[PDB]
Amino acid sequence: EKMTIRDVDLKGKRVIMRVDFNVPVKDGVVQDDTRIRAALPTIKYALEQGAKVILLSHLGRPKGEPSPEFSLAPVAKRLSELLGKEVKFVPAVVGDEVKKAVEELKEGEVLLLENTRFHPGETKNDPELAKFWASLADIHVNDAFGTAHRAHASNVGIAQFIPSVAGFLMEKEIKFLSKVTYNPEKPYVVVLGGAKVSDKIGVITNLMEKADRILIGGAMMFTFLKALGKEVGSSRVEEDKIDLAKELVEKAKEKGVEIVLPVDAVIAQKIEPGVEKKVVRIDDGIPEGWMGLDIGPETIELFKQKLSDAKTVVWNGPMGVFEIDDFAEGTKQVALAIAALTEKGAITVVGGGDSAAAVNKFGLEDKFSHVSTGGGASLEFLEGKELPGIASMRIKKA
């Protein structure tokens, strides 16, 4: 049990809060505000306790220098709308401009700083950056579960200078995942998909230690499929990870862990709605020209079968390009198959930005045991070791 924002006196204090506002933005408008809304409880609570609140967050992965497209300005506007209260935005991470703003902050006021990653020290956990930030406040609140797997200046760095306590989101996430992390009822099935291959493939070696079956879909299926010889065609494959994929399929066998790959795919030459799609089999090969964009009808049946008896399901990654209705069936049917197990008593967890968006799109949000956008953080949590952004928080004592 970590100390939470509830275990400290906030009245009159300056609280620097690390939140995960790493949301999708298009033309200066937040496309998906799930992460912002998830953080609201914590923010509203601090404001009512009469604290002066400073928010810190990253957005994307800037080179370590400013880029208008990665600015947190659109997020401050959205937060203001959601909160129903003006949010002050300072387009700076360090400096007099930042000191001045924090200085003129009244009780029950919120200030959001610019993208933490515009500073090179952030991802390096630079002690000088962390010290400056710690100097602006009395307490540090870590509510950024989605970034808990990263040891950065804003979430881990600052904690070594001032007390660091958990916010409500961070609390809820840990409370839930801990059940599944230590005592997972079997069969425990993991479902991986999505396009962010290079980031997820590494968790497989560890997940392989506690899971019974691992179903792979999304674009990830092709790095594994190609590793097995198969003609992927035009499909997205992560060249630099093929050799690892080969070692993982091999190791899974030696360890009695079943890795289920797709048998058929819905392909199409273009990635736009309404076009002509043809369901092909992988053994038959995907002709250079057609790209795999969703798991086919056969795989949907296979995955359903392999899921039918699961007592614990962890899902991260859309099965196909669910954004375009033409290639969303794999995702919908899998989501439906998993939501059904929940009613039958299985513990079901959805983690990942688009996966959460996917369940929302189908009206399934309340059909799973737990839904999270902290996609990478949750997969790593399941591995058992304490995450750096969780370890940095004060233990609750007496």
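We number the residues from 1 along the sequence you see.
Annotation for 316-324 versus 139-147: the higher mean temperature factor (C-alpha) is found in 316-324. Stretches 197-205 and 106-114 differ in mean CA B factor, with 197-205 having the higher one. Of the candidates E258, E247, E81, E272, the PDB record gives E272 the highest C-alpha temperature factor. Sorting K179, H119, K85, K77 by the CA temperature factor given in the entry leaves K179 at the top. Split the chain's modelled residues into thirds by C-alpha temperature factor. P41 is in the lowest one.
Split the chain's modelled residues into thirds by C-alpha temperature factor. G330 is in the middle one. When the modelled residues of the chain are ordered by C-alpha B-factor, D20 sits in the lowest third. Residue-level temperature factors show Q49 in the middle third of its chain, judged at the C-alpha atom. Sorting the modelled residues of the chain by their CA temperature factor places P91 in the middle third.
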